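Taking the form deposited in one PDB entry, here's one chain by itself in structure tokens.
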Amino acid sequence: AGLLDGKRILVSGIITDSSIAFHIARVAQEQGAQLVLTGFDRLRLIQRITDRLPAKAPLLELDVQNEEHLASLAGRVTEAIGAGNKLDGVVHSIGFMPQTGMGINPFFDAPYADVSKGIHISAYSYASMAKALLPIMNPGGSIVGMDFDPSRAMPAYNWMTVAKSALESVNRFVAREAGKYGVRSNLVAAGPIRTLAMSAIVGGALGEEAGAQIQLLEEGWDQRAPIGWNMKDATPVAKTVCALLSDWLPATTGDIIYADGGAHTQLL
């Protein structure tokens, strides 16, 4: 009986209990939505992590680089929610860039094969998922993806940043197609969140310099954000995604909503 009461939503991107996607799924269910999850390759793990969600939800395997996974995607989803039913929302919360495209490894030293894999998973997959799922979405539906403001360069993030720039551009095009189905397509630019991977990197997983740079980046965030920013709490981001999945933002598409504490609206 909440924001998403009666909505059927597919949520990808869960890998650990610290994933933004995990918190997206929790808030969504708390708000009355029925979910259908998708996981990359460690499904046994994802399954075990997802049992902790408020309610149960079927888990479907989905390797965004696998054409067969995508081709059969809509089929398996309908099977999970039952024939005759369609999705009202889709959450894209996946991203990746080989170590070579981030951290201390110099920007120029990233081989195209690695950058291409990063863009395939981080940006193109947004279009892939929409393509596979639009056929089984209801008018008024909503697709949303996770993003971070790449309008300016920054240290460490390197090619992952370039992948976001590409993603934002793909979103604007996905909106054109999604509009034919009465569906909206938007992105959510979050502030930095301490997921497992992020912590590992801050801890020096990808080099000391990278870790040091990303650390004072997080610190400058809470300082710039007029309402502050708590990197250990992904709830404010999960709510924003749910706001976009609801019926309360019916006139916005091909857009980006910033859930970063307002940090990007301030020089300092």
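What we label the rigid core is the largest C-alpha set whose atoms superpose within 1.5 Å from one form to the other. So that there is no doubt, residue numbering starts at 1 and follows the sequence shown.
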### Higher-B stretch (mean Cα B-factor, as the entry records it), 72-80 or 138-146
72-80
#### Entry: 107-115 set against 162-170, stretch whose average Cα temperature factor tops the other in the entry
107-115
### Query
Which of these has the highest Cα B-factor in the record: 237, 49, 225, 243?
49
### Summary
For residue 176, the third of its chain by CA B-factor is the lowest
### Task
Using the B-factor values recorded in the entry, state whether the Cα atom of residue 131 falls in the lowest, middle or highest third among the modelled residues of its chain.
middle
### Task
Could you tell me which third, lowest, middle or highest, the C-alpha B-factor of residue 197 occupies within its chain?
highest
### Task
Quick one: classify residue 267 as lowest, middle or highest third of the chain based on its Cα B-factor.
middle
## Note on the structure
Among the modelled residues of its chain, the C-alpha B-factor of residue 102 falls in the third labelled highest
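Keep in mind that the form deposited in another entry is missing from the display, and what follows is about it.
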## Note on the structure
Superposing on the rigid core between this form and the one not shown, the only one of 208, 51, 233, 41 with a Cα displacement of 2 Å or more is 208
